[PDB]
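Chemist: Enclosed are the sequence and the experimentally obtained structure.
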Amino acid sequence: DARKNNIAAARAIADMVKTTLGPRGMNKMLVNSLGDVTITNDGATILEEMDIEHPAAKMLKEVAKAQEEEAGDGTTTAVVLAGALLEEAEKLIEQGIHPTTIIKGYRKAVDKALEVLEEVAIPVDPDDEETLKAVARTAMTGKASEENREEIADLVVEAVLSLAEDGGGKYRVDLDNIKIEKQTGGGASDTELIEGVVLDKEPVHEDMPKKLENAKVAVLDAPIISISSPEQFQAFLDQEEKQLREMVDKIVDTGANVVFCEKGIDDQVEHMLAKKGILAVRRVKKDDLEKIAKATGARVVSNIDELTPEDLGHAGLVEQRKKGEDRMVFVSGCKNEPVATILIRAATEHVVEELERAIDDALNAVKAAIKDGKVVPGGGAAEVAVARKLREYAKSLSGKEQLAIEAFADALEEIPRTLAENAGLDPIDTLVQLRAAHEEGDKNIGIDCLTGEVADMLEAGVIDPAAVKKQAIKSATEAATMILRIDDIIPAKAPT
Amino acid sequence: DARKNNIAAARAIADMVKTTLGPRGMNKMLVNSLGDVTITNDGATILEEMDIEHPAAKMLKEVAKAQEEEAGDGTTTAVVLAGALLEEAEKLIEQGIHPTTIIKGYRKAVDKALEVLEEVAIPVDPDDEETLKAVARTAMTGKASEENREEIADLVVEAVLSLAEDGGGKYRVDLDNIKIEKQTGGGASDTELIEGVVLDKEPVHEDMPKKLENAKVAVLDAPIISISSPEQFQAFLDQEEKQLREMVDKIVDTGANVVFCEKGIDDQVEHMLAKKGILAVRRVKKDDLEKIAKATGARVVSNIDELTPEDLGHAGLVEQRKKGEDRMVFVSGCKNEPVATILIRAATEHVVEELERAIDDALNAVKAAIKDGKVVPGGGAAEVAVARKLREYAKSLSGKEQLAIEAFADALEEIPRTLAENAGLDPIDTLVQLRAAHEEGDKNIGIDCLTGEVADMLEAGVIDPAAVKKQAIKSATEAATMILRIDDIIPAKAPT
Amino acid sequence: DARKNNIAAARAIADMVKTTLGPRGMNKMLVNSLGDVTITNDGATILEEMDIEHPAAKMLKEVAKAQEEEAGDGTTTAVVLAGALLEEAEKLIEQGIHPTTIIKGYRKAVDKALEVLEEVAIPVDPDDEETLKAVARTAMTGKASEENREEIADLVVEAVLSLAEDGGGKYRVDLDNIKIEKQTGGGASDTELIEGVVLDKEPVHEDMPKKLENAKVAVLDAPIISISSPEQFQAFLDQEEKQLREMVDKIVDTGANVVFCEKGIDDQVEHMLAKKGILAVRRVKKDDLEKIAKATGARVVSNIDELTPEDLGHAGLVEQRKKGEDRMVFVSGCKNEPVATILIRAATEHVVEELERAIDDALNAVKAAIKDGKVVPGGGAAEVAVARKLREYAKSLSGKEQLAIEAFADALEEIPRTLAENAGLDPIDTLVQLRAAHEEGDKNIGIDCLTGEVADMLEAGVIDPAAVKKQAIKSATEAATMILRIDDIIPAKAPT
Ligand SMILES: Nc1ncnc2c1ncn2[C@@H]1O[C@H](COP(=O)(O)OP(=O)(O)O)[C@@H](O)[C@H]1O
Ligand SMILES: Nc1ncnc2c1ncn2[C@@H]1O[C@H](COP(=O)(O)OP(=O)(O)O)[C@@H](O)[C@H]1O
Ligand SMILES: Nc1ncnc2c1ncn2[C@@H]1O[C@H](COP(=O)(O)OP(=O)(O)O)[C@@H](O)[C@H]1O
Ligand SMILES: [Mg+2]
Ligand SMILES: [Mg+2]
Ligand SMILES: [Mg+2]
């Protein structure tokens, strides 16, 4: 039963990532043969860099990548939903239903599930500050320490509003637009709007002018013998420094005094650069060099011979500040576009990476809420409500598709069970309580794992974007369907 | 039970480092495949250069590093506290409490623990000499020999006061500021204020002027053929020596006569340097070369062609003294900044390293005491007091968090048990005596392992800074929490 | 029980060195992979070039090195005392005393032991010739044949008195100051004051002037092609011969006629040196070249171009004497300083090394006696006396430290037991006889292994300087303590 094998692999992955769904998600550790260890709880990373020999499991890589690409939040929800769906799919094949009937029933169930989630979702305007804060805190939940939730949420909404580039209603709040720097120790209170891309590199030369107001900023990427007579070596050195003098002279004619180069340097090169007072940062990556080019306004000039004064950018200020331990050039005053890198502070490296992922997910969720403008109660409330209306449809429908739709409802309801289990509550009792609550007509009662009870989510500030849950259901459906659609593993000829 | 496995690894490390907590810390022996052996007892080394295949253990490296970075003392206290915390956490999970409840209880317990430690701590002014001496002796405890405790403590406080750079109240008593030199044999009575960085290297040339008052000191870092005719090789040699004459002549025009170079030399080079009477020390590291540049005032000149008289430093004296066995240039008279290296004398190499670590910890603790200005009774007194008030909080609180807080109290109380056990006293009897003593209202009764009894710590001069114990509790909490939050071991994809 | 494992290793080394303590020290053989063998009985070597994979035993390397550095005698006594101390410590931890109590007791015991040895030591003037001879013979004991004891003792005291450089009371009788040459066969009667460093090298050329009274002695260290036309290589040879003539001409202008070079020579070089009658000895080591430079007064001149008549030294005589088999230049008449090498004659190579070590130890002992001027009766008498007064202290003291002090007394008394065992006497009977004697009030009764009885050491000329025994006790204490303070072996990260 190769299908049983594939389902078992998907089940193993689903159970592995089940434990990391919620505020109290028990983190997982990623150890490799090199010995490096990273503590993470966002399921994206967990599905990213885990060893999977099984190819049916290896499809869930692509499922998670699609989820992150469209939605940016809800990979763990999608994988757990796929696990529960394949649970009930397996034991529906055990009863005797053909797999194609299961697929057809799941397709109908998920069409109606998306419709129901559209109906139940409560709308939100982009000016109700408390609702945006609630969305931000709910998504932000999972990975930060409990202390700095209010602070990071406040900074999230502040950055989203202040950097709100009104591009015809759809604000272009990109992940690489908001200004944070990474550094060990200190705290998260350095996630402020510093109008420029800050590089974690020291100045090459001490007497290099650290302060330069209205500096003429340039962006470069190029890397900055036969001897016959005794003085011929000195001659090659002389002409090399002469052509260096010529090129830096025509650079200075443009007026450039601040440079961030993509490649390395040499001691003599940086010395003669600092002779005139020129900043030079080396080994800047492709992505962050492009970001600096966008921010500073100086177009990247591979062939520097055609550099002109028109090609140069400008920055309001450049300053070297000894913040914390590491020395860095705190560039501030890049006035053309809001451009930045996803680099964020915390106490330790594990917490640094955790907070980086968490702030990224926070901006993703608030961006989705602003764009789509439909928010659904979280904490398992949406799942239970959709399961109830699916059971109503099952009462409407008849045949052996009703069994498949009931299976889909139970698989959807497995998410609140997991969310309660990770919170410490007993799963069956609180699940029955949620069902009883939703049978009384109200639809916002869920699970809030911070207080460890069942309560109204809307008054508890536990609300997730509608589109995130829609894409979670869709990705789980495609995962379960296309894992069910396989029959048997065969050796495929390797491309030569 | 991968969580049980990780708890077991952490409890192996905790029990290994348990024996080295106190004045009578039974030292540990680190042996490597190369066969080199160093004897230490300070926990930082033991956590630094031990082998750990276990990844959950490998996190405790990062915990210890963070402890050292912020505080610089209390790594052994942090690890033992983490061990006891995971002991009680494990026994709480066998009872049946969910891990997340333990995490929440520990968080609340540790918030109140930091608050309690804030209240109980007795304040100190920076002029009560006996109190500073007591703090210095308590921190110096563990590693220095019993005989020279008074001597090294006196020198510690003398150096701290005399080199007290009043930078707006916060004295910049850095570890690389106080003047000691390393040498085998002799004694610790050479930890005196020699106003300059002393290098453990002999003069290159005998007739090099050993004494130079008000010497013009320079700092350098640069390293100091086709033949056709009979005399082409000789002409090449003539040109190389000629350009050597020109560069050393424009050096002499500046007036430099004392140099400490970062790189090697040659016999002809050292000779023609000594021809004019120029000192040259080779293979100076990056850190100590930067220290020499800061002390002497001569900026490091990579491109020596631009060296000017303005670029040269000055030193009151340079002298070669045949102190002990090794010949060294005892540089003295660097008048710009207080800069030095952590190099200290003792009898044998093991005692040399032990004394170096001890003096480093001593300046760390006195610096922390001067900065924060809050001292707490040591010898387990602070732990017992905080445990008692935590039990009072437990009596106040109700629920299954009371069990977690009682667990935290027991784990905090484990430290005095360890300190008594290493001192030779029976742990249960003396712990009960400490609890009874704290139940009578007094707060300073602890364990003093020098006298091997229970006595007032304040009268015995056994007092640690408040901040070191605050960070010990915090780091132990973070370690226990983030080790509890792990679930399973999964193979992670190695980055290509 | 890793501490038991370290104690066992220390016991193994202690027992392996035990047999070589005393005049009748049964020697030890050092066989290596290369197959070379050296017969030694002095403890320094048997601790130096032995394999010790065990790290706890590897500490005893450093213990022996420290002992040799400070005292240079009594390493075997120190290691045997450490073995006995750890013996009784193993007994006491068997009983149940905690190790820290043992350490404290040993510390107090050894403080009082040093005090007791100070009280009991008999003073010596440096003019009482018989006492100095007795001290010299006592230390010189251990290694030589029985025939040449009086002889070598007489030469030792004669050299010490005649080369007595009165440097403010502390005579600088260094090991590298007294004149002996090494040569196979003959006898020890060539240990005479030959006022100059004698080199074991033949003259390069026969017609070199073997006799040169008031010779102008120099000291050097420097080591003494494209073809176009047929005469081009001849031009190269002519010019090289021309600069050779130039440098040797400006050498002769100074007047140098005797040279001892650090590096090799060539046949043409030595031929043209002997053309003018210049002595040249090659492959002179760094140490002996520096010694020759000090003795002859000719400073070592790396760059010979600056050699002047003022830079040349003078020697009263240089002569080639065919003493024994090997041909050597018997340099005699270096009038500046007393400087020499530790090279001594005997019959065979094993015996040559044996008397070399023995004369070194003899000079160290008489130097220590003259410096400190306090001598204590050897032959186990000092150990028994200190043990008795330690037992008196034990009777004074009360508690479980009394057991540790009794342990120290027994470990200290183990030395006379070993000294009797190697002499052939029964250990317990003569030990009891010594104890009974010392209970009668006399303090000089010991063991004399030459006569193989128990007798008064002062009339038997068996006396070993007090500082040697003081350092023996101190090193044994530190070794035993810092071997007891270890708990367990752990693998250490190797430095990359
Ligand atoms: N404050 C909260 N209390 C209870 N449940 C929450 C809370 N915030 C989020 N959740 C639940 O966690 C789910 C998202 O979990 P998360 O692990 O953050 O997703 P991802 O791993 O994809 O980022 C939501 O669907 C919601 O049901
Ligand atoms: N003189 C003393 N007597 C008894 N206990 C002491 C004494 N000095 C320090 N301690 C205890 O040792 C603890 C610190 O131990 P130590 O090993 O020096 O820490 P670290 O290994 O982090 O440097 C203190 O918190 C205190 O309880
Ligand atoms: N003539 C002697 N008769 C008996 N015992 C002696 C005599 N000379 C020395 N000893 C004993 O030998 C001890 C020194 O032994 P030795 O092997 O010379 O030490 P090391 O090996 O360190 O040089 C002394 O402490 C003394 O007790
Ligand atoms: Mg999420
Ligand atoms: Mg400490
Ligand atoms: Mg000896």
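Modeler: That came in fine, so what should we check first? Residues are numbered from 1 along each chain as shown, chains lettered A, B, ... in the order given. Ligands and ions are numbered 1, 2, ... in the order given.
Chemist: Number of residues surrounding the closest residue to ligand 3 within the stretch 51-200 of chain A?
Modeler: Relative to ligand 3, the nearest point of the stretch 51-200 of chain A is residue A:184 (54.4 Å; CB to the nearest ligand atom). C-beta: built from backbone N, CA, C; applies to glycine. Residue A:184 has 17 neighbouring residues, counting by other CB atoms under 10 Å in any protein chain shown.
Chemist: My guess is residue A:177 contacts residue A:342. True?
Modeler: No. Assessed by CB atoms under 8 Å, residue A:177 is found out of contact with residue A:342, at 10.2 Å.
Chemist: out of these two, which sits in the busier spot?
Modeler: Neighbour tally, residue A:177 and residue A:342, criterion other CB under 10 Å: the higher count belongs to residue A:177, 17 against 14.
Chemist: Over to the more buried one. Which of the three states is it?
Modeler: coil (DSSP: H, G, I helix; E, B strand; the rest coil).
Chemist: is any part of the one helix or strand residue A:8 maps to close to chain B?
Modeler: Element membership of residue A:8 [criterion: DSSP states H and E] is helix A:2-18. Yes. Between helix A:2-18 and chain B, judged by CB under 8 Å from any CB of the partner chain, the touching residues are residue A:16.
Chemist: What of stretch A:376-388?
Modeler: No. Counting by CB under 8 Å from any CB, chain B has no neighbours in stretch A:376-388; the shortest distance is 15.5 Å.
Chemist: so where do the helices sit in the stretch 101-250 of chain A?
Modeler: A:129-140, A:149-162, A:232-254 (DSSP state H, counting those that start in this stretch).
Chemist: Could you work out which of the ones you listed reaches nearest to ligand 2?
Modeler: For ligand 2, the closest of the helices of the stretch 101-250 of chain A is helix A:149-162, at 31.3 Å, according to CB to the nearest ligand atom.
Chemist: Next, the angle from the closest one to helix A:129-140.
Modeler: Calculated by axes from the mean of the first three to the mean of the last three CA atoms, to 10 degrees, helix A:149-162 forms an angle of 120 degrees with helix A:129-140.
Chemist: Now stretch A:385-403: buried residues?
Modeler: Residues of stretch A:385-403 classed as buried under the neighbour-count rule (16 or more other CB atoms under 10 Å in any protein chain shown) are A:385-391, A:393-394, A:401-403.
Chemist: just how off-centre is it within its chain?
Modeler: Chain-centre distance of stretch A:385-403: 36 Å, with CA atoms, centre = their mean, to the nearest Å.
Chemist: re the thing from before, thought the residue of the stretch 51-200 of chain A closest to ligand 3 was touching residue A:351?
Modeler: No. Under the contact definition of CB under 8 Å, residue A:184 does not touch residue A:351, with a separation of 9.5 Å.
Chemist: is it true that residue A:32 touches residue B:494?
Modeler: Yes. Counting by CB under 8 Å, residue B:494 is a contact partner of residue A:32 at 4.3 Å.
Chemist: Tell me which of the two has more neighbours.
Modeler: residue A:32 (16 against 12).
Chemist: What values do phi and psi take at that one?
Modeler: The phi/psi pair for residue A:32 (degrees, to the nearest 10) reads phi -120, psi 170.
Chemist: one step back: winner for burial among the helices of the stretch 101-250 of chain A?
Modeler: Most buried of the helices of the stretch 101-250 of chain A by mean neighbour count (mean count of other CB atoms under 10 Å in any protein chain shown) is helix A:129-140; its value is a mean of 21.
Chemist: For the stretch 351-496 of chain A, which segments count as helices?
Modeler: Counting by DSSP H, counting those that start in this stretch, the helices of the stretch 351-496 of chain A are A:381-396, A:401-423, A:427-438, A:457-460, A:466-484.
Chemist: before we move on, back to that, could I get the CA-only coordinates of the very next helix or strand once past the helix holding residue A:8 as PDB?
Modeler: Following helix A:2-18 in sequence order, the next helix or strand is strand A:28-31 (DSSP H and E). Provided in PDB are the C-alpha atoms of strand A:28-31 (Å, rounded to 0.1, in the frame of the first residue of the first chain):
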ATOM      1  CA  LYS A  28      11.300  22.700  17.700                       C
ATOM      2  CA  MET A  29      15.000  22.500  17.200                       C
ATOM      3  CA  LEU A  30      16.800  22.000  13.800                       C
ATOM      4  CA  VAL A  31      20.100  20.100  14.100                       C
END
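Chemist: tell me what strand A:28-31 is packed against?
Modeler: If contacts are counted by 3 or more CB pairs under 8 Å, 6 or more residues apart in numbering or on different chains; DSSP states H and E, strand A:28-31 sits against strand A:37-40, helix A:43-48, helix B:55-70, strand B:489-491.
Chemist: what does the stretch 151-300 of chain A put close to chain B?
Modeler: Within the stretch 151-300 of chain A, the positions lying close to chain B (CB under 8 Å from any CB) are A:184-185, A:206, A:227-228, A:230-231, A:267-268, A:271-272, A:275.
Chemist: about what we covered before: now the helix holding residue A:8: buried residues?
Modeler: Under the neighbour-count criterion of 16+ other CB under 10 Å, helix A:2-18 has A:3, A:6-11, A:13-14, A:16-18 buried.
Chemist: from what I can see residue A:481 touches residue A:107, true?
Modeler: Yes. Look at residue A:481 against residue A:107 with CB under 8 Å: they come within range, at 7.4 Å.
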